[PDB]
**Q** 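Here you go, one structure.
Computed from heavy atoms alone, side chains included, the values below leave out hydrogens, waters and symmetry copies. Chain A is the first sequence line, chain B the second, and so forth, proteins listed ahead of strands; every chain is numbered from 1.
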Amino acid sequence: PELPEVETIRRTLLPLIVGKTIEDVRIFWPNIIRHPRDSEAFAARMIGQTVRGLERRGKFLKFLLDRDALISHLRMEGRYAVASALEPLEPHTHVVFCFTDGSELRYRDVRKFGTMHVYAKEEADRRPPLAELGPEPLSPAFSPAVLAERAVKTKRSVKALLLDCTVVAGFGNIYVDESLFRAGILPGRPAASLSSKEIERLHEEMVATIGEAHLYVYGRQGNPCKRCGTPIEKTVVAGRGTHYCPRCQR
DNA sequence: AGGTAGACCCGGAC
DNA sequence: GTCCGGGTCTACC
Ligand SMILES: [Zn+2]
């Protein structure tokens with residue numbers, strides 16, 4: 001899921017787990033657990049803790065317990081469900097938090113690609129994976145000035161810049177391509193080549209792309225641009241498949 | 001050290 | 001049967 005859908009998950013999941021107490025943690029694929037390094041320590045430490053809150057930082061969910069925070073990333077295909085311990089698990093379930101009321105929070109992922117870290121709550125923001133994360137794109141902390149100051153000092157393309165999680169939280173390949181289209185800027189342009197006007201327009205369209213979230217360019221190669229009718233093109237930029245309108249973007 | 005490459009994962013596309 | 005697609009971290013120069 002993208003940032004908007006993670007926010008929806010955050011809002012939906014919270015009432016389904018708040019106030020529940022962890023009785024067991026069952027791990028079927030240890031490598032999902034990134035901290036502590038031993039999945040057995042990860043499981044052991046969570047037992048007896050009650051879920052108190054659920055926050056979002058970029059595409060990360062931060063589960064707040066009594067002492068610890070669980071930081072979880074679903075990437076593209078991960079899913080959470082709350083369901084009864086009496087019922088069979090869904091296929092591809094890798095980690096289950098069992099609660100004392102006989103319900104469970106389950107993480108499943110056909111791609112097995114997600115990650116989980118647990119630290120004392122007070123340490124979570126200064127450790128991976130949250131430590132270097134840039135500002136929320138819908139927050140005043142993400143501004144044209146912030147974007148401009150990062151763009152000026154780099155040799156990288158504008159696409160590589162917007163994909164950098166330290167610049168802004170939660171912009172992945174789809175919203176990067178779409179925002180750049182909406183701003184009229186080619187993804188391969190050096191970040192340092194953008195004028196003040198272009199930086200300001202790009203900020204505006206990034207906020208709009210995220211705020212709104214239905215595609216102009218992503219995956220639309222060889223089909224007509226919805227604004228000018230020119231066929232959408234696809235190339236590699238910053239090591240990613242990159243979609244753009246060669247007329248609308250400059 | 002700024003910035004790219006490696007690593008993780010595997011359904012489905014070639 | 002080999003490889004893309006996806007995000008975000010660690011490992012290099
Ligand atoms: Zn166009």
**Q** Counting only side-chain heavy atoms from C-beta out, which of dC8(B), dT4(B), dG11(B) sits nearest to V110(A)?
**A**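 Of the candidates, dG11(B) comes closest.
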
**Q** Salt bridge or not for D125(A) and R57(A), using N-O below 4.0 Å?
**A**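 Salt bridge: yes.
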
**Q** Determine the sole option in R34(A), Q49(A), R67(A), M46(A) for which the side-chain contact (heavy atoms from CB on, under 4.5 Å) test with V118(A) is passed.
**A**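 The passing option is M46(A).
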
**Q** Does NZ or CZ of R227(A) come closer than 6.0 Å to the centre of the six-membered ring of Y216(A), within 45° of the ring's axis?
**A**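 Because its charged atom sits under 6.0 Å from the ring centre and within 45° of the axis, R227(A) does stack over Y216(A).
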
**Q** Quantify the bending of the helix from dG2(B)-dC13(C) to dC14(B)-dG1(C) as the angle between its end axes, each fitted on five pairs, to 10°.
**A**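 Here the local axes at opposite ends form an angle of 60°.
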
**Q** Do the six-ring planes of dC9(B) and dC10(B) sit under 30° apart with centres under 5.5 Å?
**A**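 Yes: the six-membered rings of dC9(B) and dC10(B) sit under 5.5 Å apart with planes under 30°.
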
**Q** Just how far, in rounded Å, is P of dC9(B) from CZ of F28(A)?
**A**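 The distance from CZ of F28(A) to P of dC9(B) comes to 17 Å, rounded to the nearest Å.
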
**Q** Between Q221(A) (CD) and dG5(C) (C1'), how many Å, whole number?
**A**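 Roughly 12 Å, once rounded to whole Å.
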
**Q** Would you say a side-chain N or O of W29(A) is under 4.0 Å from OP1 or OP2 of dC9(B)?
**A**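 So the side chain of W29(A) is within the cut-off, an N or O lying under 4.0 Å from OP1 or OP2 of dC9(B).
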
**Q** How would you summarise protein contacts on nucleotides 6-13 of chain C per nucleotide, using B for base, S for sugar-phosphate only and - for none, with heavy-atom distances below 4.0 Å?
**A** BBSSS---

**Q** Could you tell me whether the side chains of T209(A) and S179(A) share a donor-acceptor contact shorter than 3.5 Å?
**A**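 Yes, a side-chain donor-acceptor pair sits under 3.5 Å.
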
**Q** In terms of heavy-atom contacts, does CZ of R52(A) have more than 12 from other residues, nucleotides or ligands at under 6.0 Å?
**A**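 Enclosed.
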
**Q** Expressed as a whole number of angstroms, how long is the span from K112(A):NZ to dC8(B):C1'?
**A**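 So the two atoms are 11 Å apart, to the nearest Å.
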
**Q** With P4(A), which residues qualify under side chain to side chain contact (heavy atoms under 4.5 Å, CB included), at least two apart?
**A**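 Counting only residues at least two positions away or on another chain, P4(A) forms a side chain to side chain contact (heavy atoms under 4.5 Å, CB included) with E2(A), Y175(A), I210(A), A213(A).
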
**Q** Please state whether the phosphate of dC4(C), meaning OP1 or OP2, lies under 4.0 angstrom from any side-chain nitrogen or oxygen of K234(A).
**A**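 The answer is no; no side-chain N or O of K234(A) sits under 4.0 Å from OP1 or OP2.
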
**Q** For adjacent nucleotides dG6(C) and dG7(C), indicate whether their bases are stacked under the rule of ring centres within 5.5 Å (strictly under) and plane angle under 30°.
**A**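 Stacking does not hold for this pair.
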
**Q** Rounded to whole Å, please give me the gap between NE2 in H92(A) and P in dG11(B).
**A**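 Distance check: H92(A) NE2 to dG11(B) P gives 7 Å.
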
**Q** With ring-ring contact (aromatic ring centres under 6.0 Å, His included) as the criterion, how do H94(A) and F28(A) come out once you've worked through the C-alpha distance, each side chain's angles and the decisive distance to 0.1 Å?
**A** CA-CA 5 Å; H94(A) 310 307; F28(A) 310 113; 8.6 Å; no

**Q** Rounded off to whole Å, could you give me the CD1-to-P distance for the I33(A) and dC9(B) pair?
**A**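 The distance from CD1 of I33(A) to P of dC9(B) comes to 12 Å, rounded to the nearest Å.
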
**Q** Students should be able to answer this: classify the pucker of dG6(C) from the sign of its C1'-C2'-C3'-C4' torsion, north or south.
**A**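 Here the sugar adopts a north pucker, which is what a positive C1'-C2'-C3'-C4' value indicates.
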
**Q** Does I174(A) offer a backbone N or O that forms a donor-acceptor pair with the side chain of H243(A) under 3.5 Å?
**A**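 No; zero donor-acceptor contacts below 3.5 Å.
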
**Q** Is there a path from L54(A) to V25(A) through hydrophobic residues (I, L, V, M, F, W, Y) whose side chains come within less than 4.5 Å of each other?
**A**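 Yes; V25(A) is reachable from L54(A) via cluster members.
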
